[PDB]
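Residue numbers (the entry's author numbering), protein chains in the order written: chain J, 1 to 27, 27A to 27D, 28 to 109; chain I, 1 to 52, 52A, 53 to 71, 76 to 82, 82A to 82C, 83 to 100, 100A to 100E, 101 to 114; chain E, 1 to 176; chain B, 401 to 404, 412 to 454.
Report on the structure given below.
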Amino acid sequence: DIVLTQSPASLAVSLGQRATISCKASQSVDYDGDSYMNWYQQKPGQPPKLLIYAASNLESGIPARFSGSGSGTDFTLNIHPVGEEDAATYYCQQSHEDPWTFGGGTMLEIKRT
Amino acid sequence: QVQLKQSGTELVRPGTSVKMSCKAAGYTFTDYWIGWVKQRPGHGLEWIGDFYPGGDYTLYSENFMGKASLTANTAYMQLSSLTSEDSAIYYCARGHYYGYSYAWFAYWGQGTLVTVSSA
Amino acid sequence: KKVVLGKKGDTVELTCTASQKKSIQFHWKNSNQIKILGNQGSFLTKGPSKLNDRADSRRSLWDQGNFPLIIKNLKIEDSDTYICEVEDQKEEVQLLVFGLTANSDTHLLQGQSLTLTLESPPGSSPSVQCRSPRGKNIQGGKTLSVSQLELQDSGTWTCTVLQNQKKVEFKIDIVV
Amino acid sequence: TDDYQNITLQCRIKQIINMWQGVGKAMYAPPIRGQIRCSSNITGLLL
């Protein structure tokens, strides 16, 4: 079973600042040039929402404030402009090979005046 | 637009069998898998099994043998030999078939709470 | 004129068959000339009948030369004949769906009788042949009753149902 | 028995489709930015 590690465990972001969260994978998930990463957001009191998919193809409804990049065992989800409502936890997921494993989750809290 | 609804909160005794229901919405539901999800504090969130209605297919993880069981637009769960460790939140997702069932699916569900307690 | 039997809750496969192997037209009309399924190019189009959300098809065998029809959650109101129209033929099949079960849910005592209820479609004469681990091969018509329900009679008795030489196995829930 | 100037039809783009030359799903690139228009003429009708 692949082991996914999300970094950093904790992070502080000032308003209007680029935010980047990294995800490391033990085993390559590549197949035919594709990146099989899914990014989810989780807020207290509500269920997770699918945030990004494929690391290269965006969802609907969610604004264009978002992106994903990387390769192989090193991926990065990037957010701009960081706003007030984005204080939440973020998860990186592998979809290449079963079983469906998980990471430790990355916290993100807005820093203001 | 696909929407997922789940029944009310459950409080059940340990060691018994618990029944859960996740009702679909106005979508076909016949060419889509359904993953079932368990969430416990300080653990993130883990998947139990994935069930296909268009053939009643089953896909299990190596952590839920003999405990989880799945059935088939109103899917259900079947958990046996319940313990306090299972007091947690439960969710149902949607998906696809023909390969890449959950490779690029979306549109999650709400959730429900299960409490394993003798009080 | 093949005939198939159901169990009122399980699946079934009433398969047509051809030889061209080119994904050709076809359809599945009931005994009232009403469409249910049917290929339209490579898509699917359920017919305006009372089997909207149950019908389906194996969309991967359309190229091999088989056009099955999987109907989930069978109901008593579906027992009827069906017709293929693969190329020009009239390949026909018959389906007979019923359910044999008990009435006493759980409350049963030792020394009492057991009764079975079988709901076959009107105009049918199935034969009930109970088979049990204790050897009580009770035989009778559609309706059969057991005058003894003891502790030794525990377990689900296998009252099979035979019609037109075709036998379907059942199970009986016993609580004592 | 229809009415009594404009009939509106909601439309939603898609990105995962089913091919018409066989069996199997398919996916395409993300949609374009904006300012998409189409003017068309209807001539026939299949029933």
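All C-beta atoms, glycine included, are put in the ideal place defined by N, C-alpha and C.
Here I:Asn76 has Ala24 and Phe29 as same chain residues with Cβ atoms under 7 Å from its own Cβ, once five neighbours each way along the sequence are excluded. Under DSSP, no beta-bridge partner is assigned to E:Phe98. Excluding sequence positions up to five before and after I:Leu11, its CB lies within less than 6 Å of the CB of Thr110, all in the same chain and listed in chain order.
Scanning I:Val18, I:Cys92, I:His96 and I:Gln6 for the CA closest to the CA of I:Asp86 turns up I:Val18. Scanning chain J for C-beta atoms nearer than 8 Å to the C-beta of I:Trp103 yields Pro43, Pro44, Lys45 and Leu46, reported in chain order. Proximity of E:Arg58 to chain B, defined by a Cβ-Cβ separation below 7 Å, is not satisfied. Of all residues in the stretch 50-61 of chain J, those with a C-beta nearer than 7 Å to a C-beta of chain B are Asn53 and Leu54, reading in chain order.
Chain-order list of chain I residues neighbouring E:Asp78: empty, with the shortest C-beta distance near 17 Å, by a criterion of under 7 Å. Between E:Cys84 and E:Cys130, the gap from beta carbon to beta carbon reaches 7 Å or more. For E:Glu91, the closest of E:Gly155, E:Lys50, E:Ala18 and E:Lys35 by C-alpha to C-alpha distance is E:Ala18.
For the set E:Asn66, E:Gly123 and E:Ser154, the Cα lying nearest the Cα of E:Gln163 is the one of E:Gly123. Residues of chain B with a Cβ closer than 8 Å to the Cβ of E:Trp62 are, in chain order, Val430. Around E:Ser120, no beta-carbon contact reaches into chain B at under 8 Å, the shortest distance being about 39 Å. Proximity of I:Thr83 to chain E, defined by a Cβ-Cβ separation below 7 Å, is not satisfied. Excluding the 5 residues flanking it on each side, I:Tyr52 has same chain C-beta neighbours closer than 7 Å at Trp33 and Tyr97, in chain order.
For E:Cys84, the enclosing beta strand (DSSP E) has its first and last residue at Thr81 to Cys84.
Under the Cβ criterion of 7 Å, I:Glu61 is counted among the residues facing chain J.
Neighbours of I:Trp33 in chain J, taken as residues at a C-beta separation under 7 Å, are lacking, since the least C-beta distance is about 12 Å. Around the CB of E:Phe43, fewer than 16 other CB atoms lie within 10 Å, so the residue is classed as exposed. When Cβ pairs closer than 8 Å are counted between the two stretches, the stretch 44-60 of chain E is seen not to touch the stretch 88-106 of chain E, the count staying below three.
Beta-bridge partners assigned by DSSP to E:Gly140: E:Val128. Within chain I, the residues whose beta carbon sits less than 8 Å from that of J:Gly99 are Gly44, listed in sequence order. Here I:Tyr79 is bridged, per DSSP, to I:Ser21 and I:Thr70. Per DSSP, I:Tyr59 is one residue of the beta strand (DSSP E) stretching across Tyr56 to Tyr59.
CA-to-CA, the gap between J:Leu54 and J:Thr20 works out to about 17 Å. Ranked by Cα distance from E:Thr156, the first of E:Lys171, E:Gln148, E:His107 and E:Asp56 is E:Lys171. By the 16-neighbour rule on beta-carbons within 10 angstroms, I:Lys38 is buried. Burial is judged here by how many other beta carbons sit within 10 angstroms of a residue's own beta carbon; B:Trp427 has fewer than 16 and is exposed. Of all residues in the stretch 30-45 of chain E, the ones placed with a Cβ closer than 9 Å to any Cβ belonging to chain B are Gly41, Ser42 and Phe43, in chain order. For the pair I:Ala101 and I:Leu58, the Cα-to-Cα distance works out to about 19 Å. With its beta carbon at least 7 Å from every one in chain E, I:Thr77 lies outside the interface. Beta-bridge partners of J:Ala84 (DSSP): J:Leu104. Looking at J:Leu15, J:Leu11 and J:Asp27C, the one whose alpha-carbon comes closest to that of J:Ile2 is J:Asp27C. Annotated as proximal: E:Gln25 and E:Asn39, with beta-carbon spacing under 7 Å. Using a Cβ-Cβ cut-off of 7 Å, J:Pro95 is close to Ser60 and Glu61 of chain I, given in chain order. The bridge partners DSSP lists for J:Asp30 are J:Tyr27D.
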